[PDB]
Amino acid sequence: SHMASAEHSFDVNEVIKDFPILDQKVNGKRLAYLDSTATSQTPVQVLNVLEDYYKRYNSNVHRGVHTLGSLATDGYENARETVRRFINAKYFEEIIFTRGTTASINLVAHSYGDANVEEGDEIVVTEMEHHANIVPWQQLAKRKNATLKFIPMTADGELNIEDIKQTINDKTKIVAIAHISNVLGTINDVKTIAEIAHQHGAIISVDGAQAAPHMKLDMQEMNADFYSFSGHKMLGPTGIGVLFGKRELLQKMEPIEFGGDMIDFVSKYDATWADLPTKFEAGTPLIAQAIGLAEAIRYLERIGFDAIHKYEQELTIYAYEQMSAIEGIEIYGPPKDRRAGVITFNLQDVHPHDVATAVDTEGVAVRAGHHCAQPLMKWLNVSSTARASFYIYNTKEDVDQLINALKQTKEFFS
């Protein structure tokens, strides 16, 4: 088929050999892991770099120290440089390591938000946002008596340019938006939204958790003010994310966590802060996790995003077409050729929790629930949905295993 050709061109079988977790059975059936949107699997190259760190040069990080300490510092600094190049940030000091996208957005909303939002200012969000890109803005609005505004969505769950222009105005201080929806697969035009924000004297904070794993990012082209993502969704270790911020903005923002490393001087009653980026990195860093995340970036770069985007789009269109052919499947969001590698759906007369349970019995991992997007579920007029997602280690066989399992589930519940 067309999908066999896409598999062969991408060399997907050689990619899968790097992911030992996929070589197992679940409930006696081969594993078809279709939940990468929740967290990705991790290649041996990343695991080998983590093992090497702990077996060869673990130490705390500080410029000019004993031998292992200076190797650990080199590895941590090299990891930040790898991230800077990955997203084409202008400066090393514009990359902040955090616990994840959620911690990144919370740092923007506390540190930037409290210094730049007052009573009567507006913060623009959307109903497709993950909780991590809604609730911090709700809390900033409550602290400041500011107003939260939602960009109206089209019937297919996209943002029309005229709705974007009508919602952003000269009262807007912050536009906070997903680059890619974790549910609908919508790809927002963040470059254009940034331009409209900037015309009104607002800044843009982008939730890029579902974009960084899947497409090339260029902070300078996009002209985002802040951009946030998570390592565990892009082949990296748990516990690490990134906040990109323009240097001019980060310089004026105050830290919100205090301790070692982020200080320059401490007396009994006062303290001064370190330079960027360490101003925002209190305590001992995520040292092993940063080193592993840099290896995950090199894994993605070695394949390249043009190859990853083509393969993911072929998988996604194939899955969308095969799932659409099952009578009773409803897919939410844009058409097959206008979406990222996610399909959120319901099966007529079968609760999505029972879909997820049933396909796991067939070896297939999907998620069911609200996907941390309760306002989106309400916008769809549902409580829960089921969600399959694709990444670089998925195959036609994985999609066909889901399709057969859904047909078996229809039969079981009929």
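So that there is no doubt, residue numbering starts at 1 and follows the sequence shown.
As listed in the deposited structure, the average C-alpha B-factor of 312-320 and of 288-296 is greater for 312-320. Across the two stretches, 213-221 and 230-238, the PDB entry reports the greater mean Cα temperature factor for 213-221. Of the candidates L71, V83, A197, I105, the one whose C-alpha carries the top B factor in the deposited record is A197.
If you compare the C-alpha temperature factors of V183, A79, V206, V117 in the entry, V117 comes out highest. Ranked within its chain, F265 lands in the highest third, by CA B factor from the PDB record. In this PDB entry, the Cα temperature factor of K336 sits in the top third of its chain's modelled residues, the highest group.
Sorting the modelled residues of the chain by their CA temperature factor places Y393 in the lowest third. The PDB entry assigns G100 a C-alpha temperature factor belonging to the lowest third of its chain's modelled residues. In the PDB entry, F305 places in the middle third of its chain by CA B-factor.
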